[PDB]
Amino acid sequence: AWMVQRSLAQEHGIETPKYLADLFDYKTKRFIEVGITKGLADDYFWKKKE
Amino acid sequence: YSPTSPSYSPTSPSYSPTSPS
Amino acid sequence: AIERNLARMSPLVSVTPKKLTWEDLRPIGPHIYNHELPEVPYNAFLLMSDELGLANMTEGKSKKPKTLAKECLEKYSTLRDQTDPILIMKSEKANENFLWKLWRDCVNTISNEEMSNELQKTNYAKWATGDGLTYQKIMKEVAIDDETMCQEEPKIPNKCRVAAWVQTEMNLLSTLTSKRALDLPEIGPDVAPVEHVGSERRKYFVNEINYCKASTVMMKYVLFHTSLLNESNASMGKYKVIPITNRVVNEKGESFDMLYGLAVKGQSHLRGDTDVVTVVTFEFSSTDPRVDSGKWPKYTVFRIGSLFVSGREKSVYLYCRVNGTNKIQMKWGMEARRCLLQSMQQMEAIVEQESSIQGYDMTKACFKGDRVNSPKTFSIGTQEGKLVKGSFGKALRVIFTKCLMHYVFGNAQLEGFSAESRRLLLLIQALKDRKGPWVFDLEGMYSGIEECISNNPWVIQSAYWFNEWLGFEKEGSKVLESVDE
Amino acid sequence: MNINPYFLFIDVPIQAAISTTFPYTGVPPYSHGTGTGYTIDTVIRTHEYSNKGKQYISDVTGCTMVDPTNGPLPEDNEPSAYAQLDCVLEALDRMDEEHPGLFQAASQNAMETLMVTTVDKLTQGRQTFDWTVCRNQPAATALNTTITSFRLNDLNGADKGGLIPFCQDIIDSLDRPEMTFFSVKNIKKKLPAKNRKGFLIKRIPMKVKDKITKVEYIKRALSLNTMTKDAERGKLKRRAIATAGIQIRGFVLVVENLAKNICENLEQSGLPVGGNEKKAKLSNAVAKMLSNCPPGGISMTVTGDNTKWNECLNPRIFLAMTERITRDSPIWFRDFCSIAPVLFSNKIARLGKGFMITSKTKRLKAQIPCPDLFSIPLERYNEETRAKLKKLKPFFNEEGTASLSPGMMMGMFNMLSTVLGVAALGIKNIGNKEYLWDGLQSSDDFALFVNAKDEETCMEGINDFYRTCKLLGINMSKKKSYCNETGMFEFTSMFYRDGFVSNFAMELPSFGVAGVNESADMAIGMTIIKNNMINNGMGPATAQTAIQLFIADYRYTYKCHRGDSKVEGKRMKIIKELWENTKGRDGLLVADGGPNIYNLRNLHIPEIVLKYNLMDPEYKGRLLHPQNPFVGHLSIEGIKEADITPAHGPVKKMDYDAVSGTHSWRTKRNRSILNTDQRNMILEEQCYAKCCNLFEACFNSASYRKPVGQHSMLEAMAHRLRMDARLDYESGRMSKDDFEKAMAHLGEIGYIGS
Amino acid sequence: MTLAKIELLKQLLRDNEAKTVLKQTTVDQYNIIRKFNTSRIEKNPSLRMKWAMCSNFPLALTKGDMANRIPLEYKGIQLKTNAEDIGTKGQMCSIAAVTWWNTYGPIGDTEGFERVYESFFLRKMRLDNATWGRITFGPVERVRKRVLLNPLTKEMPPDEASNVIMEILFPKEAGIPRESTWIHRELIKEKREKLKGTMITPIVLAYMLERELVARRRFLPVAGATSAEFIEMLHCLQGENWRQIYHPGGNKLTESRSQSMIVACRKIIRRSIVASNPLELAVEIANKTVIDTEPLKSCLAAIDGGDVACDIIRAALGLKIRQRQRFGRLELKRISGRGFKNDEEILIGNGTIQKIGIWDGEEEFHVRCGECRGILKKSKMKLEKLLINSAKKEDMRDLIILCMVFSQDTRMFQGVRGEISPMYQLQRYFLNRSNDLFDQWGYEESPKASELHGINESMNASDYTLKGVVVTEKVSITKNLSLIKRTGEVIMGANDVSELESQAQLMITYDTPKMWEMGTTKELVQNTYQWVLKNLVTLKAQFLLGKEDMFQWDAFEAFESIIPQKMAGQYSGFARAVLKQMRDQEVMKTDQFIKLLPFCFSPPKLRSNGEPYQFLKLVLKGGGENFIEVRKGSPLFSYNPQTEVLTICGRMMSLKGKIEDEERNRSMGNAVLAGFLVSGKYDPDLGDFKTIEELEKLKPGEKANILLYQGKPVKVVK
RNA sequence: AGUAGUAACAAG
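Residue numbers (PDB author numbering), protein chains in the order written: chain X, 88 to 137; chain P, 29 to 49; chain W, 238 to 722; chain F, 1 to 754; chain B, 1 to 420, 431 to 482, 495 to 740.
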């Protein structure tokens with residue numbers, strides 16, 4: 088997981104995120120974090136945005 | 029001098045006797 | 238619990254303290270004075286003080302061992318050509334004929350126009366080398382069913398007495414000669430004053446040893462084992478004639494190739510490190526074996542001729558002996574130069590201490606003296622029962638020889654003896670220091686020493702020397718028992 | 001005038017000339033043939049010191065077990081194994097008082113280290129007994145053959161990575177009704193030969209699968225391999241030594257780690273401290289006891305030696321030590337620490353090759369293996385063996401092994417046995433008598449300092465110490481121990497006389513050519529000189545002569561004499577050409593027939609670095625060729641580490657500084673056994689090597705940092721190369737065709753791995 | 001590269017054995033199979049090499065294109081194994097093959113070599129740019145200390161260093177990002193550029209990076225030069241019996257100069273203090289002392305730090321005194337007040353009793369921490385005021401804890417949880443974990459003034475701030503080395519200088535024939551007694567003529583400096599008495615004369631009743647072995663009448679020809695107690711051997727039993 | 001024979 092993340096980040100000249108990403112979009116060239124919450128999406132969004 | 033030469037050792041403290049004359 | 242058990246434990250469980258006195262220190266191995274026992278025979282791989290090298294000027298080069306031996310034998314043609322020798326001495330189980338034939342085969346091979354130093358596996362070579370002497374390995378089932386097949390009783394090292402020659406060796410090997418054999422390579426040039434100090438010291442320390450008889454004997458052992466180990470690996474299947482040689486340098490710096498004799502390397506399929514290869518040594522000597530016959534029971538000695546040595550015809554004998562070695566002994570032989578370091582370190586430490594006191598390098602002062610300081614002397618030996626003092630160089634030359642003897646006569650007997658007698662040495666020191674030493678089982682301590690005194694010429698002589706020195710230490714102690722009374 | 005070398009001691013104190021008493025230019029003693037004679041001696045003696053204890057039959061192995069612990073107190077001064085649990089516990093309680101929280105601290109650190117410890121840690125051991133081939137192999141080999149064989153019996157705890165789940169499989173394997181394992185068996189092919197017997201037996205070893213029963217396996221897992229110790233110094237007679245299996249190593253590691261933590265914080269432990277740190281510690285301890293001496297009283301030092309140390313020490317006592325040390329620990333960790341002593345309590349000694357019977361008349365010899373030791377009447381053995389085998393009978397097992405419940409033949413508890421020794425030192429006094437004792441303890445070696453009013457009262461303290469030790473199963477040698485007023489003593493071959501004196505002879509054999517390679521050996525050789533100048537009182541004159549001697553030895557060993565020498569040789573022929581072809585000959589290494597430029601001041605500078613600026617750029621280019629074929633796959637250990645063998649002690653690894661070049665080579669593996677075809681064993685070696693090299697091709701860090709993961713090597717290699725490929729194609733390093741080929745190949749690999 | 005690896009994996013997976021290994025072996029288990037070895041292990045490597053070098057093809061060849069560039073033979077010499085000999089063993093080569101490669105082989109790229117092996121090349125330039133002073137022959141007291149073997153580029157913990165090397169060599173495999181990457185960003189960047197474009201194996205790069213980042217510390221015998229740059233030349237610096245002056249090349253740290261500065265100043269004061277006019281001698285020595293190559297005066301003037309000793313020497317040399325203290329990451333400069341340290345066994349809140357130093361008196365300090373500048377005010381075991389300027393969270397977090405740790409507040413000592431110089435250990439404890447110490451303090455109100463504000467544990471502004479938070495020199499020196507203000511207030515004294523004897527990081531030299539007077543106890547003892555032995559003839563003659571001027575011979579002043587200030591005078595009283603007694607009663611003992619003469623220098627101190635103090639042993643400074651025995655031999659001084667040898671600190675000197683014949687039979691009992699002489703032999707009726715106490719509480723005329731040493735009891739009369 | 005020394009090698 089980390090080898091992939093560090094290969095991708097180093098290839099596309101982007102900062103290696105301190106945490107382990109869930110997906111990487113090759114078109115956008117950005118790491119993605121997926122979230123499954125049993126409450127409010129906006130609550131989970133801003134709590135993981137911090 | 030040369031290390032093996034006795035004069036290579038520095039002049040040591042020497043007790044010289046005292047006399048008022 | 239501890240005090241409970243300690244209370245009920247028997248008084249028979251005791252550490253039996255005994256305050257040591259000089260009187261308690263009886264001589265070690267008193268059997269070495271028993272004249273019923275055989276005097277310990279010479280058992281070294283090569284001759285030492287009794288060596289004779291046939292000298293031949295080197296034309297600068299380091300030519301082939303076969304070539305340099307050939308060229309040396311050509312100059313002493315009379316000794317080389319002798320075919321009618323007088324048998325002087327015969328070893329109990331030695332075949333004189335077979336040995337002489339093997340010597341002639343060696344001389345004839347080394348002197349021939351071929352580059353090969355291989356001997357044909359003749360009936361005499363086969364006998365000398367121990368051809369086909371290993372027992373056949375049969376199947377365990379056959380052996381179990383065979384009633385006559387028993388586990389053999391082990392051979393035990395025989396109990397011997399003091400031999401006068403072991404003293405003679407020490408005396409003559411620690412003596413100065415006109416020749417230098419050391420092959421010391423170059424070091425980088427000196428920059429640091431301490432580097433200059435070491436180099437100026439080496440001129441005293443290295444030259445003292447280099448000129449002494451022991452150094453030349455050491456180099457012969459070193460160079461022979463070096464060639465023998467290479468021959469043993471390179472020519473496992475072949476019987477090979479190997480010269481016993483040395484490159485010696487006189488006072489003017491002239492080089493001479495010495496030929497001490499020829500050796501026959503037998504078959505050498507040396508798989509294990511302890512596996513034996515038979516080496517048959519044919520070494521020249523001026524020494525008549527009849528003068529001290531107790532030294533020479535392992536040797537078959539021919540008289541091969543004569544040399545004019547100092548306005549006198551001196552007789553030349555050929556000492557022949559079936560010997561053996563393994564890979565380990567050869568490798569330690571190849572490393573025997575380190576005898577220099579053990580002796581040099583011990584004596585340089587005294588110079589460094591002496592320099593600490595005076596404030597300048599006391600090397601020259603210790604050796605030869607200077608305008609301020611008298612030459613440093615040491616108790617060196619005994620003459621007509623009286624204690625004789627000798628020089629710093631002599632003391633260096635004694636330790637160096639002693640350290641060569643540790644290699645030449647090194648084994649489990651010397652290992653055990655040196656380790657166990659060291660306790661006694663330190664106890665004696667405690668009495669000398671007036672530090673009131675106590676022992677727990679003195680007679681058990683002597684047992685561990687004395688079980689190591691058997692047939693090792695160096696152990697037996699070391700035991701003799703220990704007792705001699707102990708006697709003089711006991712006499713000295715009488716000066717201390719009067720102090721503050 | 002007759003020279004007497006002992007007359008030196010008239011002018012120089014024995015300690016001041018102690019080096020001259022070590023004959024370390026001599027050949028150290030080697031054993032020939034069998035060690036069965038010596039091993040059987042150990043089995044008999046070990047049982048002689050415990051025979052008055054409880055004797056019973058193991059209901060696990062059927063072995064004859066002897067328990068001297070809590071046995072009857074001895075009534076003589078012979079070696080006693082009758083250690084009293086109470087006294088051991090009282091000794092450990094008095095340590096716990098003097099070091100509050102040490103036992104729990106040590107237990108915590110050891111436990112936390114274990115929770116972090118991975119299985120690969122077990123590869124750092126030396127020679128290990130491999131139960132699968134009933135021979136000694138390297139630790140890493142024995143571990144692998146155990147892990148792979150364990151897979152055949154549904155034991156995959158090793159795959160988790162941590163030591164604990166592997167150790168769980170080891171104890172769980174003892175419950176398996178049958179054990180299938182990978183063994184080795186050789187095919188015999190009778191060929192002709194030019195010898196008396198007329199023929200030859202060419203063996204071809206091949207990997208097989210073998211099945212053994214639970215009891216048979218338990219016996220193998222509890223078994224020690226025995227051989228004779230070679231090249232041991234200061235001893236007339238040889239002794240048996242033992243090697244343990246891989247199973248117990250994980251448990252021993254933790255128990256020794258526990259004991260190390262305790263030992264580190266004990267003021268009187270000479271372990272695990274070593275060299276200059278030990279000397280300082282001992283020197284401080286001597287200065288303390290000297291100053292803390294009662295005025296008008298006397299201080300005395302026992303130069304202490306223990307006898308039958310391993311023979312008399314008892315696993316059951318160590319089991320108690322682990323129990324009392326791990327008092328406030330989780331039950332799992334207390335249970336973990338309990339296993340190594342328990343496996344030792346039920347250990348079985350393998351008796352070696354057996355005895356050789358011969359006919360001097362018929363010139364025949366035969367090896368009688370241990371199973372068949374009693375297949376012949378004992379009248380056909382010599383008096384010594386006939387006596388041994390008669391005393392062995394009760395402890396002898398049908399399959400040629402011996403039961404050995406008491407004693408510690410393998411050793412391996414050096415720290416825990418030191419903790420036990422320091423416990424005795426810790427008592428200090430008995431019955432409020434007018435004396436105090438203290439000391440230093442390094443395994444079986446001890447110095448005891450005793451303070452009192454007179455030496456008579458000091459002797460009472462020494463006698464009380466002597467007796468106290470017997471209660472812990474420790475036997476002070478009365479033959480080899482001696483006492484004197486404080487100022488001089490000997491401890492682990494270090495000699496004190498108003499301070500520790502130099503003992504140069506001890507280090508002498510280490511000055512030789514190490515036998516790693518001509519590059520490493522040059523660094524090692526110069527470093528040994530450098531270090532002996534610092535530590536062992538080697539003066540500048542001797543140091544410089546050492547440089548000469550080393551170069552002489554080096555040149556003859558590696559057949560690399562000076563290019564301007566007229567020395568014959570195959571290498572020398574090319575050296576002579578290199579000498580002529582080279583302009584800057586100062587730049588040539590000694591190994592290339594170059595001059596020696598090493599002196600005292602530059603001993604610490606790698607030879608290539610010293611000569612670099614003096615080198616010809618063609619020579620320098622060849623010497624340091626980045627893709628040279630002499631340097632193989634280098635490990636971080638490969639470049640820095642080298643096993644150096646001292647005269648006295650265990651074989652330790654030392655660091656050296658050398659530039660990697662064409663002289664940094666490696667000798668072919670010892671696959672040179674007479675009338676043996678190793679083709680199967682070599683292929684196995686090459687298979688693992690291929691897999692590991694290709695893994696290092698994908699993961700370049702593997703050589704440096706230990707790779708982590710419980711997933712397959714292939715899964716890791718595939719994922720890496722898939723990303724490599726994609727990002728090589730999307731960057732334009734790889735062509736569209738190559739990408740399609742790569743992804744097609746990866747598709748086949750993806751299928752093979754699932 | 002990538003395709004080649006994938007193609008090679010497919011070829012490898014064709015082998016069903018390899019397929020099994022790759023599938024079954026976990027990434028963890030790579031580390032096990034990497035070391036797999038079924039070959040019989042070599043027990044004698046030194047022998048095996050001497051053996052193998054005599055064989056035809058002992059070396060292993062790496063299969064490749066470069067191996068093939070080596071011919072089968074050269075001018076008859078077989079270089080590598082024949083193609084018909086390869087198979088189920090591999091291709092081997094002779095040692096001659098290596099020689100052939102170094103003679104006629106391919107010439108490879110060596111670009112970056114010097115940058116890869118920078119560590120080793122600096123080691124060489126340090127030697128090449130070095131200067132060598134004199135070698136001198138005299139006693140060297142070496143101490144075994146844990147020292148750094150080699151200088152480092154930037155020292156790190158191994159785990160930290162490991163990560164930095166991963167970022168430099170193998171970034172894709174570096175794993176979880178670490179904060180160290182940002183800290184060492186300028187190192188990484190620099191190393192990447194140096195190790196760009198080199199073809200040398202990355203494992204070699206990794207090792208050589210590990211060499212200059214991971215430290216190697218060992219116990220070695222040292223003598224006043226502890227810095228790695230000296231340690232790497234330690235073999236040439238000294239033995240037990242000689243010293244070699246060595247100035248290494250390259251630049252040295254200021255912290256190394258500062259540490260040596262302090263050691264030098266402490267040594268000058270310790271020798272000066274014992275002189276009549278310490279200030280005169282202090283100035284004489286200080287002027288002629290050099291720290292490596294820099295004069296002491298230059299270092300003191302250049303470095304803004306040190307201790308009491310440094311300031312005292314500064315005042316003596318006419319330099320402005322600094323009152324700078326460095327408490328790890330806190331830098332203080334005295335504003336007002338004076339503090340004295342009193343080591344007392346204070347009970348600490350974890351559950352142990354540690355001997356910590358209580359600083360008495362009310363002091364004000366000029367504290368500083370990067371951005372933070374403040375004025376502190378501490379009393380005995382308390383903090384009263386602390387006026388600090390506004391700065392970053394990180395810069396304030398340090399200063400606020402550091403101020404409350406250095407003040408040694410009683411709340412801090414009673415707030416320790418877990419197993420921990432003892433004071434500096436508390437700094438590194440409460441810096442890592444701070445949420446333990448703030449709970450064991452208490453909070454108070456914040457001031458609502460114009461400039462005043464308060465902060466809490468969350469590193470931000472709050473009303474629950476810590477208790478006491480408030481956020482917004496022409497000196498003279500006496501003969502006795504006391505620093506006095508114009509008002510008469512002494513602000514520093516000789517008695518304020520640390521007693522701690524430590525090893526200088528840089529080699530200190532004294533450009534004076536008096537340099538020997540700056541020796542350690544064992545050095546001074548050895549030299550002093552050597553001076554006595556060198557002048558024994560005149561010294562002994564003059565003493566027997568009735569003169570006692572030798573008692574106060576300059577040569578003995580240095581010796582006095584290593585006698586504890588308490589006992590020096592009392593020892594002299596005893597020594598002079600015992601000496602006078604020996605000549606006055608014609609009971610002379612030359613060994614005892616030599617032993618005690620140096621102790622006669624100090625101004626004598628006699629008992630209240632006017633008789634001298636009696637002594638069993640004379641204790642000198644340093645370890646427990648540093649004492650002289652009056653009756654007995656000691657580690658420092660022992661005489662053997664058997665061989666007339668005098669051992670001083672291991673060195674043996676002959677007294678042959680310096681001993682009176684009638685002296686050898688003379689008992690030492692006459693020269694052991696002041697105002698006592700040998701009456702006769704041991705008298706059991708007089709009871710046990712009398713103690714020094716009982717011997718001092720004896721009325722003149724009475725007899726007593728004395729034990730000189732084991733087995734020498736003597737009856738003595740007063 | 002010899003090496004060696006409590007048991008081997010003197011080819012397998």
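Note that beta-carbon positions come from the ideal geometry of N, C-alpha and C, so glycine has one too.
Quiz item: Can you tell me whether DSSP reads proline 509 of chain F as helix, strand or coil?
Solution: It is helical.
Quiz item: Going by the CB atoms, is the gap between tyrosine 441 of chain W and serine 415 of chain W shorter than 9 Å?
Solution: No, the Cβ-Cβ distance between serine 415 of chain W and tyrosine 441 of chain W is not below 9 Å.
Practice problem: Mind listing the chain B neighbours of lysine 105 of chain X? Cutoff is C-beta to C-beta under 7 Å, in chain order. | Solution: Correct list: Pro177.
Quiz item: What in chain X is Cβ-close to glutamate 193 of chain B, meaning under 8 Å?
Solution: Taking a Cβ-Cβ cut-off of 8 Å, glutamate 193 of chain B has no neighbours in chain X, whose nearest Cβ is about 17 Å from it.
Self-check item: Short CB-CB distance (under 9 Å) between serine 442 of chain F and chain W
Solution: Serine 442 of chain F does not count as touching chain W.
Quiz prompt | From W:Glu389, W:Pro526 and W:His506, residue whose alpha carbon lies closest to that of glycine 369 of chain W | solution = Closest option to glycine 369 of chain W, Cα to Cα, is W:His506.
Quiz prompt | Nonlocal neighbours in the same chain, by C-beta distance under 6 Å from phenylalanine 118 of chain X, ignoring five residues either side | solution = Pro104, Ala108 and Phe111.
Self-check item: Which of helix, strand or coil DSSP assigns to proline 192 of chain F
Solution: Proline 192 of chain F falls in the strand class under three-state DSSP.
Quiz prompt | Contacts of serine 731 of chain F in chain X (Cβ-Cβ under 8 Å) | solution = Think of a sphere of 8 Å around the beta carbon of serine 731 of chain F: the chain X residues whose beta carbon falls inside it are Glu98, in chain order.
Quiz item: Which of the three DSSP states, helix, strand or coil, is assigned to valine 450 of chain F?
Solution: Reduced to three states, the DSSP call for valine 450 of chain F is strand.
Quiz prompt | Whole-Å CB distance - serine 291 of chain F paired with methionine 111 of chain F, under 8 Å assumed | solution = With a contact defined as Cβ atoms closer than 8 Å, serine 291 of chain F and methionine 111 of chain F miss out at about 40 Å.
Quiz item: What three-state label does DSSP hand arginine 14 of chain B in the structure shown?
Solution: In this structure, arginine 14 of chain B counts as helix in the three-state DSSP scheme.
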